[PDB]
Amino acid sequence: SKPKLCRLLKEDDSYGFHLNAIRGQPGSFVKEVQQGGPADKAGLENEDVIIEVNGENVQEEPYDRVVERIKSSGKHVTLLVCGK
């Protein structure tokens, strides 16, 4: 449940995690956190839910749009996430 605010620095052109969606509901969830990658260093865990990308609420955005937002963020990205 706890909210987590973090800022990630791209390494190997990647943040070292992926997003998925759940059928029947909006929202974007973390999966596949690469051990020792940027996301992992920031304590992101699988099934963490993306709340804000760079201060913008993305909870009503399909996850592919959220992926595009994160990609478009450049060499850093700030995320607010909620664990479940």
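Positions are given from 1, in the same order as the sequence printed here. All values below come from the heavy atoms of this structure, side chains included, with hydrogens, waters and symmetry mates left out.
The side chain to side chain contact (heavy atoms under 4.5 Å, CB included) test applied to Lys41 returns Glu11, not counting sequence neighbours. The salt bridge (charged side-chain N to carboxylate O under 4.0 Å, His left out) search around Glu52 returns none, not counting sequence neighbours. Under the rule for a side chain to side chain donor-acceptor pair (under 3.5 Å), the partners of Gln59 that lie at least two apart in sequence or sit in another chain are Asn57. Scored by the side chain to side chain contact (heavy atoms under 4.5 Å, CB included) test, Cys82 finds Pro3, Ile51 as partners (sequence neighbours excluded).
Under the 4.5 Å side-chain contact rule for hydrophobic residues, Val66 and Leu80 do not share a cluster. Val49 and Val58 are members of different hydrophobic clusters when ILVMFWY side chains are connected at heavy-atom separations under 4.5 Å.
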Can you give me every donor-acceptor pair (side chain of residues 16-36, partner residue at least two apart or in another chain, under 3.5 Å) with its distance?
from, atom 1, to, atom 2, distance (Å)
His18, ND1, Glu32, OE1, 2.5

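Listed here is the closest heavy atom pair of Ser14 and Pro38: O-CG, 3.7 Å. The nearest pair of heavy atoms linking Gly83 to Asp48 is CA-OD1, 3.2 Å.
The CZ atom of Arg65 sits 13.5 Å away from the OG atom of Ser72 when rounded to the nearest 0.5 Å. The structure places CG of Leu5 at 8.5 Å from CG of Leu79, a figure rounded to the nearest 0.5 Å. Atom CD1 of residue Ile50 and atom CD of residue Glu61 lie 12.5 Å apart, to the nearest 0.5 angstrom. One distance of note links CD of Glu45 with CD of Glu47; it measures 10.0 Å at 0.5 Å rounding.
Checking side-chain atoms of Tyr15 against main-chain N and O of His76 turns up a donor-acceptor pair under 3.5 Å. Looking only at distances, no side-chain donor or acceptor of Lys84 sits under 3.5 Å from a matching main-chain atom of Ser1.
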> Checking side-chain contact (heavy atoms from CB on, under 4.5 Å) for the pair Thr78/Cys6: CA distance, chi angles, key distance, verdict?
Replying inline: CA-CA 6 Å; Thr78 298; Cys6 63; over 6 Å; no
